[PDB]
Amino acid sequence: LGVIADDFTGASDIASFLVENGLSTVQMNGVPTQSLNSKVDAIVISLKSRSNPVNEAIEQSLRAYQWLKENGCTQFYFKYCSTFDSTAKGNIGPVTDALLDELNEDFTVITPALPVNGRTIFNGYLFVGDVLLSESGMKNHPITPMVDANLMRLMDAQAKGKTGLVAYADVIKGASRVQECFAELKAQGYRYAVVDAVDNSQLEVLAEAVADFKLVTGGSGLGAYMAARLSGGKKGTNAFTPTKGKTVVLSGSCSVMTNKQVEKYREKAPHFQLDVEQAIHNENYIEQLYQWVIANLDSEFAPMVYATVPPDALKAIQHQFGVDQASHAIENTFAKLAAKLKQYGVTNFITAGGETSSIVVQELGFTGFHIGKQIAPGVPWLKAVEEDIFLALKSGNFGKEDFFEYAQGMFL
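Heads up: the sequence shown begins at 2 in UniProt numbering, then just goes up one per residue.
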């Protein structure tokens with residue numbers, strides 16, 4: 002199974018869904034230049050093609066497909082947002098068409114639905130919670146505003162073909178009936194088919210119906226049920242975790258949740274607060290931190306180096322050292338420390354904060370990861386494809402208070 006996602010958050014989202022439903026998954030960030038020496042059930046390629054120039058999105062998508070194809074994928078999934086984010090030139094249609102063309106196929110399904118998570122489709126109209134898409138916040142979206150809730154109309158505006166519908170009344174009759182409707186829509190000259198779902202069992206039916214489709218499109222909802230069918234109901238209970246090795250926590254976020262997670266963890270393990278003044282003027286700071294970390298790698302809980310300070314104290318630093326000057330010092334420090342620790346032999350990295358996580362992954366040079374056991378919603382355990390290194394990247398809002406120790410508790 003090859004998934005081609007139009008954004009990072011969505012790629013991570015569906016990838017977790019595939020794993021939480023029994024499928025071994027590898028999420029590549031961008032089209033890879035080297036083959037995947039690993040045998041997995043699903044490979045998700047994360048792109049930045051939600052609203053970039055349409056010919057770029059098409060070329061990139063075709064490149065992702067060619068790679069996924071070269072690397073064993075036989076079924077493809079074009080993943081987009083559950084709110085159908087696009088415009089009349091919105092790449093959803095162009096990309097679907099390009100993919101259909103390349104594949105020598107002429108029909109596929111459309112479904113940004115996951116009823117349990119407030120994304121329902123009735124009569125082809127998309128609802129976002131209790132209201133129509135056109136009535137939600139999406140109506141005034143900053144990049145891709147949505148003023149029409151009718152999916153067949155939205156797709157028709159940006160597609161080369163015509164969009165049909167498999168209504169609720171027919172989905173509730175089963176997979177076979179859906180296929181009969183698929184056969185009917187195709188005879189009527191439809192190239193795509195929106196499928197209703199006001200309840201999750203409708204995705205379960207569709208999942209079964211599209212079992213032999215060379216290509217399918219949608220949000221995470223369908224992909225999840227496709228994984229559940231392919232796995233036979235298996236869950237993520239047996240997804241991997243880090244094996245025993247040296248671990249380090251690098252916290253840089255100053256969000257309300259992170260500040261509490263740090264305040265709760267410094268109580269449990271060795272902690273060294275990263276001082277911004279020293280990050281910019283002391284040249285031996287990285288060497289000091291490195292020595293300190295490795296000399297505290299034997300405690301019960303991994304040592305933690307953190308920049309995390311209350312949003313109040315942070316704004317005070319931003320207005321004394323400068324927003325960008327202080328941001329760099331912190332990022333360059335974690336990056337150079339993480340590189341030294343990896344060379345030394347640390348195999349598990351637990352980061353906190355969006356920027357801190359990106360910089361550490363950037364420095365270590367990882368291009369993709371094997372998705373593992375879920376530590377918290379949105380925070381799975383990872384393992385680089387390049388080498389046996391595990392990482393837990395926690396954006397500032399995810400995880401409960403005891404996140405740091407918990408992340409470690411599961412593999413001990």
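A virtual CB, placed ideally from N, CA and C, is assigned to each residue, including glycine.
Beta-carbon proximity list for residue i, same chain, < 7 Å, skipping 5 on both sides
| i | result |
| --- | --- |
| residue 232 | 22, 23, 24 |
| residue 157 | 163, 164 |
| residue 330 | 277, 280, 281 |
| residue 129 | 84, 119, 120, 137, 139 |
| residue 265 | 402, 403 |
| residue 275 | 306, 307, 308, 331, 334 |
| residue 144 | 52 |
| residue 369 | 27, 28, 29, 30, 33, 386 |
| residue 133 | 126, 150 |
| residue 361 | 251, 335, 336, 339, 350, 352 |
| residue 99 | 59, 62, 63 |
Candidates the options, of which the one nearest residue i by Cα
| i | options | result |
| --- | --- | --- |
| residue 33 | 20, 47, 333, 380 | 47 |
| residue 311 | 236, 348, 259, 327 | 259 |
| residue 79 | 65, 71, 175, 89 | 65 |
| residue 5 | 41, 49, 35 | 49 |
| residue 309 | 348, 267, 155 | 267 |
| residue 228 | 86, 97, 43, 37 | 43 |
| residue 173 | 74, 81, 398, 196 | 196 |
| residue 253 | 408, 131, 12, 353 | 353 |
| residue 151 | 144, 143, 168, 359 | 168 |
| residue 178 | 148, 126, 161, 209 | 209 |
| residue 36 | 397, 409, 386 | 386 |
| residue 225 | 204, 176, 181, 9 | 204 |
| residue 154 | 131, 127, 170, 180 | 127 |
| residue 269 | 111, 407, 235 | 407 |
| residue 316 | 302, 255, 344 | 255 |
| residue 188 | 55, 107, 96 | 107 |
| residue 198 | 40, 219, 185 | 219 |
| residue 181 | 132, 211, 202, 263 | 211 |
| residue 102 | 207, 3, 135, 215 | 215 |
| residue 202 | 213, 104, 175, 193 | 175 |
| residue 3 | 200, 56, 76, 71 | 76 |
Counted within 10 angstroms of its Cβ, other Cβ atoms place residue i as buried (16 or more) or exposed
| i | result |
| --- | --- |
| residue 118 | exposed |
| residue 411 | exposed |
| residue 93 | buried |
| residue 323 | exposed |
| residue 13 | buried |
| residue 142 | exposed |
| residue 320 | exposed |
| residue 10 | exposed |
| residue 40 | exposed |
| residue 221 | buried |
| residue 345 | exposed |
| residue 397 | buried |
| residue 54 | exposed |
Sequence-distant residues of the same chain with beta carbon closer than 6 Å to residue i, five excluded per side
| i | result |
| --- | --- |
| residue 271 | 297, 300, 304 |
| residue 340 | 364 |
| residue 358 | 352, 394 |
| residue 191 | 163, 165 |
| residue 19 | 26, 43, 228 |
| residue 122 | 114, 197, 198 |
Residues near residue i in its chain [Cβ-Cβ closer than 8 Å; skip 5 each side]
| i | result |
| --- | --- |
| residue 338 | 251, 287, 290, 291, 294, 306 |
| residue 399 | 258, 377, 378, 379, 380 |
Short CB-CB distance (under 9 Å) between residue i and chain C
| i | result |
| --- | --- |
| residue 44 | Going by chain labels, chain C is absent from the structure shown, which holds only one protein chain. |
request  = Just list the alpha helix (DSSP H) runs in the stretch 244-332, keeping only unbroken ones of 4 residues or longer that don't cross its boundaries, in chain order.
outcome  = 257-266, 277-282, 286-295, 312-319
key: Contained alpha helix (DSSP H) runs [length at least 4] in the stretch 319-394, N- to C-terminal order   = Counting whole runs of 4 or more residues, the stretch 319-394 contains the alpha helix (DSSP H) stretches 324-345, 355-365.
ask   = Is the stretch 286-295 touching the stretch 233-246 in the sense that three or more CB pairs, one from each, lie closer than 8 Å?
value = Segment contact: the stretch 233-246 against the stretch 286-295, fewer than three CB-CB distances shorter than 8 Å; contact not assigned.
inquiry  = To test your reading of the DSSP string, which unbroken beta strand (DSSP E) runs of 3 or more residues are found completely within the stretch 52-87?
reply    = 77-80
query = Taking only runs of the alpha helix (DSSP H) that begin and end inside the stretch 120-200, which ones reach a length of at least 4 residues, in chain order?
reply = 152-159, 169-172, 176-188
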